[PDB]
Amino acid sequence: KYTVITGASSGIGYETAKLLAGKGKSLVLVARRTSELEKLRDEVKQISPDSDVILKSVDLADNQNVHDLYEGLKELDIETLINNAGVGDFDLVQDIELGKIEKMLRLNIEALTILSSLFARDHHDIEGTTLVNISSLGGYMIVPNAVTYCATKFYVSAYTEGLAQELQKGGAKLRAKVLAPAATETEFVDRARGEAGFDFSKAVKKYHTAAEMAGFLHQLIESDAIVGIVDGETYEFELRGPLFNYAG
């Protein structure tokens, strides 16, 4: 039984991989940097010798690539799929680089939608299955200077909240959940603004570590809650139901 974690080379996906290794889970770890995926596999084997770890060096910003990824796991028993890979951008809309933003849409929205749709197709009536889509507090509240990225997370939040309630009302075995972190200490900011060195310790007054966010993600999987969300002011993690209007 496997747990698929996209965006496993760094940040939340990376630490989630390590936390799930400590539970004896076997992993499919997806990202582009093979080097880091291999060093993580080495950590995972010393944490948990009997875990199986499959690596997949895949750019998920290409729709065909995402299809290929999934059909290549057809002969695996996947209990959890975690749509964690995603990128950010800080800039006024009038200043954006469309090539980067277009790529952001293909990763944040499409890849996640392809994998969620395919997982749901084959796993809705299968006992013990979980889908966890990583949104953001930015997917429930709009943040200045990050309009485009926030809107990808609004998509993710609304899509997962509607998929979750679809599967509940239909009596599915598959459970779908959304994680909405707040500021979490990872590479995300450095990628988003395009230059390294951003220091959360010095520049952000409240943030979780990547390990703390792996821990929240794991508790979300271990709950009957659809939404795991960090409060923007208290930075308490809350497991709760949907935030948006449901017309049902």
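Note that residue numbering follows the sequence shown and begins at 1.
The PDB entry records a higher mean C-alpha B factor for 201 to 209 than for its counterpart among 201 to 209 and 182 to 190.
The question of which stretch, 167 to 175 or 108 to 116, has the higher mean Cα B factor is settled in favour of 167 to 175. Of the residues listed, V143, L131, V93, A158, the entry assigns the biggest Cα temperature factor to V93.
Remark: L137 belongs to the lowest third of its chain, ranked by C-alpha B-factor as recorded. Split the chain's modelled residues into thirds by C-alpha temperature factor. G88 is in the middle one. Looking at the C-alpha B-factors along this chain, the one for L76 belongs to the highest third.
The PDB entry assigns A21 a C-alpha temperature factor belonging to the highest third of its chain's modelled residues. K153: CA B factor lies in the lowest third for its chain, per the PDB record.
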